[PDB]
Structures are given as structure tokens and as C-alpha cells.
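Everything on this sheet refers to the single structure shown next.
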2 protein chains.
Amino acid sequence: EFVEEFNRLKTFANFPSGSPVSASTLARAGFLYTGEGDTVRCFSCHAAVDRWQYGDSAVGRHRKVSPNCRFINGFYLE
Amino acid sequence: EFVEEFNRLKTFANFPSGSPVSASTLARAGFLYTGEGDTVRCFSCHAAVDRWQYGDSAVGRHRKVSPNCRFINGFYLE
Ligand SMILES: [Zn+2]
Ligand SMILES: [Zn+2]
């Protein structure tokens with residue numbers, strides 16, 4: 001279901017507009033919005049990432065927190 | 001957008017598995033998959049490279065076709 005980026009993007013309703021990282025960027029990096037604050041969680045490795053700050057890379061933070069995530073490693077590539 | 005290696009890697013869905021060079025290696029060398037055959041194109045210098053053969057170096061072929069590419073010269077280094 002969440003293999004599709006659009007389905008991930010739909011979980012971002014009410015995502016804080018004041019966040020330095022956008023909902024589209026986070027969805028692209030494999031994240032789903034948990035609904036609380038700025039906490040997102042990867043559909044694949046289940047790692048959660050929060051406390052986003054200016055200059056952050058959605059993919060960069062994702063790799064840092066979960067270096068062996070299959071999604072980031074291209075496991076779902078058609 | 002494509003400055004991020006992962007975004008380049010995502011363009012490789014359906015990239016021929018029989019190719020002597022892998023999608024990850026090509027993405028690392030700054031290439032995006034054009035979707036046709038084994039033709040990839042650099043996000044930075046726009047040079048396209050195809051006809052990959054055993055023993056080929058993704059970065060090597062990239063330099064040969066586009067010696068002044070900013071990406072290969074490290075222009076995007078943080
Ligand atoms: Zn993950
Ligand atoms: Zn180039």
C-alpha cells in the first residue's frame with residue numbers, strides 16, 4: 001500500500017506548515033506522518049524521525065537513523 | 001532534486017538486470033535512467049551514456065563523454 005508515494009503523501013494532512021521540511025519531500029523519502037508533532041515513520045523500516053531543523057535532508061536523516069532500511073537501499077525498485 | 005543520490009536511484013525502475021553495470025553504481029556516478037534501453041543521462045551535465053559493456057566504469061565512461069561535468073569535478077560537495 002505505502003510502496004506508492006502518493007499513499008504516503010496522503011497521510012500528511014495537518015502536517016505542520018512551519019516545518020523546515022515539506023510533506024512531499026518526507027513522503028518521497030519513504031515516510032508516513034504519524035499525526036503527532038513533526039514525527040514521521042518509514043513504512044519499510046519503521047524508524048521514526050522527528051525534530052526536523054533547517055537544512056535537514058529527509059533522505060539524509062533517514063539514512064542516519066536507519067542505515068539498513070530496504071526502501072532507502074532501493075529494495076522496492078520495479 | 002537529483003543532487004540527492006537516492007532520487008537518482010529511484011529513476012532506475014525497470015533498468016535492465018542484464019546490464020554489466022548496476023543501477024546503484026550508475027546513480028552514484030550522477031546518472032538518471034532515461035527509461036530506454038541502457039541509456040542513462042547525467043542530472044548535471046546532461047551527457048547521456050549507453051552501450052555499457054563488461055568492465056566499464058560508470059565514472060570512467062562519464063568522464064570520457066563529459067570531461068568538464070561539474071558533478072564529477074565535485075561541484076556539489078557540501
Ligand atoms: Zn526506512
Ligand atoms: Zn555529468
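Residues are referred to by chain and number: the chain letter is A, B, ... according to the order shown in the C-alpha cells, the number counts from 1 in that chain, and ligands are numbered separately from 1 in the order shown.
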Would you give me, as JSON lines, each residue of chain B having an atom within 12 Å of an atom of ligand 2, along with its shortest atom pair and that distance in Å to one decimal, using only C-alpha atoms and all ligand atoms and sorting by chain and residue number?
```
{"residue": "B:2", "atom": "CA", "partner": "ligand 2", "partner_atom_place_in_ligand_line": "1 (Zn)", "distance": 11.8}
{"residue": "B:3", "atom": "CA", "partner": "ligand 2", "partner_atom_place_in_ligand_line": "1 (Zn)", "distance": 11.5}
{"residue": "B:26", "atom": "CA", "partner": "ligand 2", "partner_atom_place_in_ligand_line": "1 (Zn)", "distance": 11.2}
{"residue": "B:27", "atom": "CA", "partner": "ligand 2", "partner_atom_place_in_ligand_line": "1 (Zn)", "distance": 11.2}
{"residue": "B:28", "atom": "CA", "partner": "ligand 2", "partner_atom_place_in_ligand_line": "1 (Zn)", "distance": 11.3}
{"residue": "B:29", "atom": "CA", "partner": "ligand 2", "partner_atom_place_in_ligand_line": "1 (Zn)", "distance": 8.1}
{"residue": "B:30", "atom": "CA", "partner": "ligand 2", "partner_atom_place_in_ligand_line": "1 (Zn)", "distance": 6.5}
{"residue": "B:31", "atom": "CA", "partner": "ligand 2", "partner_atom_place_in_ligand_line": "1 (Zn)", "distance": 7.5}
{"residue": "B:32", "atom": "CA", "partner": "ligand 2", "partner_atom_place_in_ligand_line": "1 (Zn)", "distance": 10.3}
{"residue": "B:40", "atom": "CA", "partner": "ligand 2", "partner_atom_place_in_ligand_line": "1 (Zn)", "distance": 10.5}
{"residue": "B:41", "atom": "CA", "partner": "ligand 2", "partner_atom_place_in_ligand_line": "1 (Zn)", "distance": 7.7}
{"residue": "B:42", "atom": "CA", "partner": "ligand 2", "partner_atom_place_in_ligand_line": "1 (Zn)", "distance": 4.5}
{"residue": "B:43", "atom": "CA", "partner": "ligand 2", "partner_atom_place_in_ligand_line": "1 (Zn)", "distance": 6.6}
{"residue": "B:44", "atom": "CA", "partner": "ligand 2", "partner_atom_place_in_ligand_line": "1 (Zn)", "distance": 5.1}
{"residue": "B:45", "atom": "CA", "partner": "ligand 2", "partner_atom_place_in_ligand_line": "1 (Zn)", "distance": 4.1}
{"residue": "B:46", "atom": "CA", "partner": "ligand 2", "partner_atom_place_in_ligand_line": "1 (Zn)", "distance": 6.1}
{"residue": "B:47", "atom": "CA", "partner": "ligand 2", "partner_atom_place_in_ligand_line": "1 (Zn)", "distance": 5.9}
{"residue": "B:48", "atom": "CA", "partner": "ligand 2", "partner_atom_place_in_ligand_line": "1 (Zn)", "distance": 8.5}
{"residue": "B:49", "atom": "CA", "partner": "ligand 2", "partner_atom_place_in_ligand_line": "1 (Zn)", "distance": 9.9}
{"residue": "B:58", "atom": "CA", "partner": "ligand 2", "partner_atom_place_in_ligand_line": "1 (Zn)", "distance": 10.9}
{"residue": "B:59", "atom": "CA", "partner": "ligand 2", "partner_atom_place_in_ligand_line": "1 (Zn)", "distance": 9.2}
{"residue": "B:60", "atom": "CA", "partner": "ligand 2", "partner_atom_place_in_ligand_line": "1 (Zn)", "distance": 11.1}
{"residue": "B:61", "atom": "CA", "partner": "ligand 2", "partner_atom_place_in_ligand_line": "1 (Zn)", "distance": 10.2}
{"residue": "B:62", "atom": "CA", "partner": "ligand 2", "partner_atom_place_in_ligand_line": "1 (Zn)", "distance": 6.4}
{"residue": "B:63", "atom": "CA", "partner": "ligand 2", "partner_atom_place_in_ligand_line": "1 (Zn)", "distance": 7.6}
{"residue": "B:64", "atom": "CA", "partner": "ligand 2", "partner_atom_place_in_ligand_line": "1 (Zn)", "distance": 10.1}
{"residue": "B:65", "atom": "CA", "partner": "ligand 2", "partner_atom_place_in_ligand_line": "1 (Zn)", "distance": 8.5}
{"residue": "B:66", "atom": "CA", "partner": "ligand 2", "partner_atom_place_in_ligand_line": "1 (Zn)", "distance": 6.1}
{"residue": "B:67", "atom": "CA", "partner": "ligand 2", "partner_atom_place_in_ligand_line": "1 (Zn)", "distance": 8.2}
{"residue": "B:68", "atom": "CA", "partner": "ligand 2", "partner_atom_place_in_ligand_line": "1 (Zn)", "distance": 7.8}
{"residue": "B:69", "atom": "CA", "partner": "ligand 2", "partner_atom_place_in_ligand_line": "1 (Zn)", "distance": 4.4}
{"residue": "B:70", "atom": "CA", "partner": "ligand 2", "partner_atom_place_in_ligand_line": "1 (Zn)", "distance": 6.6}
{"residue": "B:71", "atom": "CA", "partner": "ligand 2", "partner_atom_place_in_ligand_line": "1 (Zn)", "distance": 5.7}
{"residue": "B:72", "atom": "CA", "partner": "ligand 2", "partner_atom_place_in_ligand_line": "1 (Zn)", "distance": 6.2}
{"residue": "B:73", "atom": "CA", "partner": "ligand 2", "partner_atom_place_in_ligand_line": "1 (Zn)", "distance": 8.9}
{"residue": "B:74", "atom": "CA", "partner": "ligand 2", "partner_atom_place_in_ligand_line": "1 (Zn)", "distance": 10.5}
{"residue": "B:75", "atom": "CA", "partner": "ligand 2", "partner_atom_place_in_ligand_line": "1 (Zn)", "distance": 10.7}
{"residue": "B:76", "atom": "CA", "partner": "ligand 2", "partner_atom_place_in_ligand_line": "1 (Zn)", "distance": 11.5}
```
Write the selection just made, keeping N, CA, C and O atoms, as a compact mmCIF listing (two decimals), in the first residue's frame?
```
# COMPACT_ATOMS: atom_id res chain seq x y z
N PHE B 2 17.81 16.08 -7.92
CA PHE B 2 18.69 14.97 -8.26
C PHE B 2 20.09 15.09 -7.67
O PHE B 2 20.95 14.25 -7.92
N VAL B 3 20.31 16.14 -6.89
CA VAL B 3 21.60 16.30 -6.24
C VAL B 3 21.70 15.13 -5.27
O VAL B 3 22.79 14.65 -4.95
N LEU B 26 25.50 3.37 -11.32
CA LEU B 26 25.19 4.45 -12.25
C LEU B 26 24.63 5.65 -11.50
O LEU B 26 25.01 6.78 -11.78
N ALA B 27 23.72 5.41 -10.56
CA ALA B 27 23.16 6.52 -9.78
C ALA B 27 24.28 7.23 -9.01
O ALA B 27 24.31 8.47 -8.93
N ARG B 28 25.21 6.46 -8.46
CA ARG B 28 26.33 7.02 -7.71
C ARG B 28 27.20 7.94 -8.56
O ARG B 28 27.77 8.90 -8.03
N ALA B 29 27.30 7.61 -9.85
CA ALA B 29 28.10 8.38 -10.79
C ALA B 29 27.32 9.58 -11.35
O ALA B 29 27.76 10.22 -12.30
N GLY B 30 26.16 9.86 -10.75
CA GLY B 30 25.38 11.02 -11.15
C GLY B 30 24.35 10.83 -12.24
O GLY B 30 23.74 11.80 -12.68
N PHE B 31 24.14 9.59 -12.66
CA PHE B 31 23.20 9.31 -13.74
C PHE B 31 21.76 9.08 -13.32
O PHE B 31 21.48 8.62 -12.21
N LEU B 32 20.86 9.36 -14.26
CA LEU B 32 19.42 9.17 -14.12
C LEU B 32 19.09 8.21 -15.26
O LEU B 32 19.65 8.33 -16.35
N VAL B 40 21.50 6.19 -19.87
CA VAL B 40 21.38 7.00 -18.66
C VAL B 40 21.87 8.40 -19.00
O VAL B 40 22.62 8.58 -19.97
N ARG B 41 21.46 9.40 -18.23
CA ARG B 41 21.88 10.76 -18.50
C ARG B 41 22.20 11.45 -17.20
O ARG B 41 21.47 11.32 -16.21
N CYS B 42 23.29 12.21 -17.20
CA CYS B 42 23.72 12.91 -16.00
C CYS B 42 22.78 14.07 -15.68
O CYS B 42 22.41 14.84 -16.56
N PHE B 43 22.40 14.19 -14.41
CA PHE B 43 21.50 15.26 -13.99
C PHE B 43 22.16 16.63 -14.09
O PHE B 43 21.48 17.64 -14.23
N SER B 44 23.49 16.66 -14.03
CA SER B 44 24.24 17.91 -14.05
C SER B 44 24.70 18.42 -15.41
O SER B 44 24.42 19.56 -15.78
N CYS B 45 25.41 17.57 -16.15
CA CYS B 45 25.93 17.98 -17.44
C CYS B 45 25.05 17.53 -18.61
O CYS B 45 25.32 17.89 -19.75
N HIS B 46 24.02 16.74 -18.32
CA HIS B 46 23.08 16.26 -19.33
C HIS B 46 23.65 15.32 -20.40
O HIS B 46 22.97 15.01 -21.39
N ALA B 47 24.89 14.87 -20.21
CA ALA B 47 25.50 13.94 -21.16
C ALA B 47 24.86 12.57 -20.97
O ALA B 47 24.65 12.11 -19.84
N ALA B 48 24.53 11.91 -22.08
CA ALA B 48 23.93 10.59 -21.99
C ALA B 48 24.98 9.54 -22.31
O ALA B 48 25.90 9.78 -23.10
N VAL B 49 24.87 8.38 -21.67
CA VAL B 49 25.82 7.31 -21.91
C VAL B 49 25.05 6.02 -22.04
O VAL B 49 24.18 5.72 -21.22
N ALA B 58 31.42 3.26 -14.43
CA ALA B 58 30.39 4.28 -14.61
C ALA B 58 31.03 5.67 -14.57
O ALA B 58 30.75 6.53 -15.42
N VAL B 59 31.91 5.91 -13.60
CA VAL B 59 32.56 7.21 -13.50
C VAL B 59 33.52 7.41 -14.66
O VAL B 59 33.64 8.51 -15.18
N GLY B 60 34.23 6.35 -15.04
CA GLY B 60 35.17 6.44 -16.15
C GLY B 60 34.50 6.85 -17.47
O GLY B 60 34.97 7.76 -18.14
N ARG B 61 33.41 6.18 -17.83
CA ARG B 61 32.70 6.49 -19.06
C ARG B 61 32.13 7.91 -18.99
O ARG B 61 32.10 8.64 -19.98
N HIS B 62 31.67 8.30 -17.80
CA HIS B 62 31.10 9.62 -17.58
C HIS B 62 32.15 10.70 -17.87
O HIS B 62 31.87 11.68 -18.57
N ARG B 63 33.37 10.51 -17.35
CA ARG B 63 34.45 11.48 -17.58
C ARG B 63 34.81 11.55 -19.06
O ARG B 63 35.08 12.62 -19.59
N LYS B 64 34.85 10.39 -19.70
CA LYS B 64 35.23 10.32 -21.11
C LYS B 64 34.25 11.11 -21.98
O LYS B 64 34.67 11.91 -22.82
N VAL B 65 32.95 10.92 -21.75
CA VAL B 65 31.94 11.61 -22.53
C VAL B 65 31.77 13.08 -22.17
O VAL B 65 31.46 13.90 -23.04
N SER B 66 31.98 13.42 -20.91
CA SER B 66 31.81 14.80 -20.45
C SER B 66 32.91 15.17 -19.44
O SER B 66 32.67 15.21 -18.22
N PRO B 67 34.12 15.46 -19.93
CA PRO B 67 35.28 15.82 -19.11
C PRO B 67 35.16 17.04 -18.20
O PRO B 67 35.92 17.17 -17.23
N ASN B 68 34.21 17.93 -18.48
CA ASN B 68 34.06 19.13 -17.65
C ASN B 68 32.80 19.13 -16.80
O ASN B 68 32.40 20.19 -16.29
N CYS B 69 32.19 17.97 -16.63
CA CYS B 69 30.98 17.84 -15.81
C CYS B 69 31.26 18.36 -14.40
O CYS B 69 32.23 17.94 -13.76
N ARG B 70 30.41 19.26 -13.92
CA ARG B 70 30.57 19.82 -12.58
C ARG B 70 30.39 18.77 -11.47
O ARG B 70 31.08 18.82 -10.45
N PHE B 71 29.47 17.84 -11.66
CA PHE B 71 29.25 16.82 -10.64
C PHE B 71 30.50 15.97 -10.46
O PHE B 71 30.97 15.77 -9.34
N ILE B 72 31.04 15.46 -11.56
CA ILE B 72 32.24 14.63 -11.48
C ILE B 72 33.42 15.42 -10.89
O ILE B 72 34.29 14.85 -10.23
N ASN B 73 33.44 16.74 -11.11
CA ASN B 73 34.51 17.57 -10.57
C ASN B 73 34.29 17.97 -9.11
O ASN B 73 35.05 18.76 -8.55
N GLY B 74 33.23 17.45 -8.50
CA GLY B 74 32.95 17.74 -7.10
C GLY B 74 32.31 19.08 -6.79
O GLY B 74 32.43 19.58 -5.67
N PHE B 75 31.63 19.66 -7.77
CA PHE B 75 30.98 20.96 -7.61
C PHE B 75 29.86 20.97 -6.57
O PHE B 75 29.60 22.00 -5.95
N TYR B 76 29.21 19.84 -6.37
CA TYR B 76 28.11 19.77 -5.41
C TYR B 76 28.51 19.33 -4.01
O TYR B 76 27.64 19.08 -3.17
```
- Message: Run DSSP on the backbone and tell me which residues of chain B come out as strand (DSSP E); list them as a list in words.
- Response: residues 31, 32, 33, 40, 41, 42, 48 and 49 of chain B
What does the file look like for those residues with N, CA and C atoms, as a PDB file, in the first residue's frame?
```
ATOM      1  N   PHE B  31      24.142   9.589 -12.664  1.00  0.00           N
ATOM      2  CA  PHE B  31      23.200   9.311 -13.741  1.00  0.00           C
ATOM      3  C   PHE B  31      21.759   9.077 -13.320  1.00  0.00           C
ATOM      4  N   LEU B  32      20.859   9.364 -14.258  1.00  0.00           N
ATOM      5  CA  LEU B  32      19.422   9.167 -14.117  1.00  0.00           C
ATOM      6  C   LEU B  32      19.085   8.209 -15.264  1.00  0.00           C
ATOM      7  N   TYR B  33      18.186   7.256 -15.046  1.00  0.00           N
ATOM      8  CA  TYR B  33      17.825   6.326 -16.121  1.00  0.00           C
ATOM      9  C   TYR B  33      16.787   7.004 -17.025  1.00  0.00           C
ATOM     10  N   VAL B  40      21.499   6.191 -19.867  1.00  0.00           N
ATOM     11  CA  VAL B  40      21.376   6.995 -18.656  1.00  0.00           C
ATOM     12  C   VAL B  40      21.870   8.396 -19.004  1.00  0.00           C
ATOM     13  N   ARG B  41      21.457   9.398 -18.233  1.00  0.00           N
ATOM     14  CA  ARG B  41      21.884  10.763 -18.502  1.00  0.00           C
ATOM     15  C   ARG B  41      22.200  11.454 -17.197  1.00  0.00           C
ATOM     16  N   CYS B  42      23.290  12.206 -17.196  1.00  0.00           N
ATOM     17  CA  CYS B  42      23.716  12.914 -16.004  1.00  0.00           C
ATOM     18  C   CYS B  42      22.779  14.071 -15.682  1.00  0.00           C
ATOM     19  N   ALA B  48      24.531  11.913 -22.079  1.00  0.00           N
ATOM     20  CA  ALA B  48      23.927  10.591 -21.995  1.00  0.00           C
ATOM     21  C   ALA B  48      24.980   9.541 -22.308  1.00  0.00           C
ATOM     22  N   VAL B  49      24.865   8.384 -21.674  1.00  0.00           N
ATOM     23  CA  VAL B  49      25.817   7.311 -21.907  1.00  0.00           C
ATOM     24  C   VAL B  49      25.049   6.017 -22.039  1.00  0.00           C
TER      25      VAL B  49
END
```
- Message: Calculated over only C-alpha atoms, which of the candidates B:22, B:57, B:14, B:7 has the smallest distance to chain A?
- Response: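 Of all the options, B:14 lies closest to chain A.
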- Considering only C-alpha atoms, extract the chain B residues located within 8 Å of chain A and return them as a ChimeraX atom specification. /B:6,9-10,12-14
Written selection (N, CA, C and O atoms) as a PDB file, in the first residue's frame:
```
ATOM      1  N   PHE B   6      19.761   9.237  -3.835  1.00  0.00           N
ATOM      2  CA  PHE B   6      18.586   8.390  -3.746  1.00  0.00           C
ATOM      3  C   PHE B   6      17.530   8.770  -4.782  1.00  0.00           C
ATOM      4  O   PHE B   6      16.875   7.895  -5.343  1.00  0.00           O
ATOM      5  N   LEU B   9      18.627   7.257  -7.913  1.00  0.00           N
ATOM      6  CA  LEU B   9      18.401   5.814  -7.888  1.00  0.00           C
ATOM      7  C   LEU B   9      16.951   5.433  -8.179  1.00  0.00           C
ATOM      8  O   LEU B   9      16.694   4.411  -8.826  1.00  0.00           O
ATOM      9  N   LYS B  10      16.003   6.238  -7.705  1.00  0.00           N
ATOM     10  CA  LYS B  10      14.599   5.921  -7.941  1.00  0.00           C
ATOM     11  C   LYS B  10      14.188   5.940  -9.415  1.00  0.00           C
ATOM     12  O   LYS B  10      13.187   5.330  -9.785  1.00  0.00           O
ATOM     13  N   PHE B  12      15.654   4.432 -11.699  1.00  0.00           N
ATOM     14  CA  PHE B  12      16.078   3.164 -12.297  1.00  0.00           C
ATOM     15  C   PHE B  12      15.108   1.978 -12.261  1.00  0.00           C
ATOM     16  O   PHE B  12      15.522   0.834 -12.422  1.00  0.00           O
ATOM     17  N   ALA B  13      13.824   2.231 -12.042  1.00  0.00           N
ATOM     18  CA  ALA B  13      12.872   1.127 -12.045  1.00  0.00           C
ATOM     19  C   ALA B  13      12.876   0.576 -13.475  1.00  0.00           C
ATOM     20  O   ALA B  13      12.926   1.338 -14.442  1.00  0.00           O
ATOM     21  N   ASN B  14      12.847  -0.742 -13.614  1.00  0.00           N
ATOM     22  CA  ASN B  14      12.844  -1.356 -14.940  1.00  0.00           C
ATOM     23  C   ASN B  14      14.178  -1.235 -15.682  1.00  0.00           C
ATOM     24  O   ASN B  14      14.229  -1.432 -16.894  1.00  0.00           O
TER      25      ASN B  14
END
```
- Query: Expressed in Å to a single decimal, how great is the separation between atom CA of residue A:18 and atom CA of residue A:34?
  - Reply: 16.6 Å
- Would you mind writing down, as a VMD selection string, each residue of chain A that DSSP on the backbone assigns to helix (DSSP H, G or I)? chain A and resid 5 to 12 23 to 28 58 to 65
Export of the given selection (N, CA, C and O atoms) as a JSON list (two decimals), in the first residue's frame:
```
[["chain", "number", "residue", "atom", "x", "y", "z"],
["A", 5, "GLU", "N", 4.17, 6.22, -3.34],
["A", 5, "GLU", "CA", 4.45, 7.52, -2.75],
["A", 5, "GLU", "C", 3.21, 8.33, -2.47],
["A", 5, "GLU", "O", 3.11, 8.99, -1.44],
["A", 6, "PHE", "N", 2.24, 8.29, -3.38],
["A", 6, "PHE", "CA", 1.03, 9.07, -3.18],
["A", 6, "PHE", "C", 0.28, 8.64, -1.93],
["A", 6, "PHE", "O", -0.28, 9.48, -1.22],
["A", 7, "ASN", "N", 0.24, 7.34, -1.65],
["A", 7, "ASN", "CA", -0.45, 6.86, -0.45],
["A", 7, "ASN", "C", 0.28, 7.35, 0.81],
["A", 7, "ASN", "O", -0.33, 7.57, 1.85],
["A", 8, "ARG", "N", 1.59, 7.52, 0.70],
["A", 8, "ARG", "CA", 2.36, 8.02, 1.83],
["A", 8, "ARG", "C", 2.02, 9.51, 1.97],
["A", 8, "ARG", "O", 1.75, 9.98, 3.07],
["A", 9, "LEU", "N", 2.00, 10.23, 0.86],
["A", 9, "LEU", "CA", 1.69, 11.66, 0.90],
["A", 9, "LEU", "C", 0.33, 11.96, 1.53],
["A", 9, "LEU", "O", 0.18, 12.97, 2.23],
["A", 10, "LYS", "N", -0.65, 11.10, 1.29],
["A", 10, "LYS", "CA", -1.98, 11.33, 1.86],
["A", 10, "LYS", "C", -2.02, 11.30, 3.39],
["A", 10, "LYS", "O", -2.94, 11.85, 3.99],
["A", 11, "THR", "N", -1.03, 10.68, 4.03],
["A", 11, "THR", "CA", -1.03, 10.64, 5.49],
["A", 11, "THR", "C", -0.60, 11.97, 6.10],
["A", 11, "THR", "O", -0.69, 12.14, 7.31],
["A", 12, "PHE", "N", -0.14, 12.91, 5.27],
["A", 12, "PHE", "CA", 0.34, 14.20, 5.76],
["A", 12, "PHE", "C", -0.68, 15.33, 5.96],
["A", 12, "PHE", "O", -0.31, 16.50, 6.03],
["A", 23, "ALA", "N", 6.03, 18.11, 3.43],
["A", 23, "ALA", "CA", 5.35, 16.83, 3.40],
["A", 23, "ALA", "C", 5.74, 16.05, 2.14],
["A", 23, "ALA", "O", 5.98, 14.85, 2.22],
["A", 24, "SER", "N", 5.82, 16.71, 0.99],
["A", 24, "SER", "CA", 6.16, 15.99, -0.24],
["A", 24, "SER", "C", 7.55, 15.38, -0.18],
["A", 24, "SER", "O", 7.75, 14.26, -0.61],
["A", 25, "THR", "N", 8.51, 16.12, 0.36],
["A", 25, "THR", "CA", 9.88, 15.65, 0.49],
["A", 25, "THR", "C", 9.96, 14.45, 1.44],
["A", 25, "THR", "O", 10.66, 13.47, 1.16],
["A", 26, "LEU", "N", 9.25, 14.53, 2.55],
["A", 26, "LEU", "CA", 9.24, 13.45, 3.53],
["A", 26, "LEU", "C", 8.59, 12.21, 2.92],
["A", 26, "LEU", "O", 9.09, 11.10, 3.10],
["A", 27, "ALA", "N", 7.47, 12.39, 2.22],
["A", 27, "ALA", "CA", 6.80, 11.25, 1.59],
["A", 27, "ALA", "C", 7.74, 10.59, 0.58],
["A", 27, "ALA", "O", 7.82, 9.36, 0.48],
["A", 28, "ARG", "N", 8.47, 11.42, -0.17],
["A", 28, "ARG", "CA", 9.40, 10.91, -1.17],
["A", 28, "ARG", "C", 10.50, 10.06, -0.56],
["A", 28, "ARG", "O", 10.99, 9.12, -1.22],
["A", 58, "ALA", "N", 15.72, 15.01, 4.16],
["A", 58, "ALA", "CA", 14.83, 13.93, 4.57],
["A", 58, "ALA", "C", 15.52, 12.58, 4.37],
["A", 58, "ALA", "O", 15.50, 11.71, 5.26],
["A", 59, "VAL", "N", 16.15, 12.39, 3.22],
["A", 59, "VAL", "CA", 16.83, 11.13, 2.97],
["A", 59, "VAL", "C", 18.06, 10.99, 3.85],
["A", 59, "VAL", "O", 18.36, 9.90, 4.33],
["A", 60, "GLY", "N", 18.78, 12.09, 4.06],
["A", 60, "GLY", "CA", 19.96, 12.06, 4.92],
["A", 60, "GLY", "C", 19.65, 11.63, 6.35],
["A", 60, "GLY", "O", 20.32, 10.75, 6.89],
["A", 61, "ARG", "N", 18.63, 12.24, 6.96],
["A", 61, "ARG", "CA", 18.25, 11.89, 8.34],
["A", 61, "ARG", "C", 17.77, 10.44, 8.39],
["A", 61, "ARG", "O", 18.02, 9.72, 9.36],
["A", 62, "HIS", "N", 17.07, 10.02, 7.34],
["A", 62, "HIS", "CA", 16.54, 8.66, 7.25],
["A", 62, "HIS", "C", 17.69, 7.65, 7.27],
["A", 62, "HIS", "O", 17.64, 6.66, 8.02],
["A", 63, "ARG", "N", 18.74, 7.90, 6.48],
["A", 63, "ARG", "CA", 19.89, 7.00, 6.44],
["A", 63, "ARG", "C", 20.60, 6.97, 7.79],
["A", 63, "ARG", "O", 21.05, 5.92, 8.24],
["A", 64, "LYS", "N", 20.72, 8.13, 8.41],
["A", 64, "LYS", "CA", 21.42, 8.23, 9.69],
["A", 64, "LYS", "C", 20.73, 7.39, 10.76],
["A", 64, "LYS", "O", 21.38, 6.62, 11.47],
["A", 65, "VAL", "N", 19.40, 7.50, 10.85],
["A", 65, "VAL", "CA", 18.65, 6.76, 11.85],
["A", 65, "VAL", "C", 18.48, 5.28, 11.53],
["A", 65, "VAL", "O", 18.43, 4.45, 12.44]]
```
- Note on the structure: atom CA of residue A:55 sits from atom 1 (Zn, counted along the ligand's line) of ligand 1 at a separation of 20.0 Å
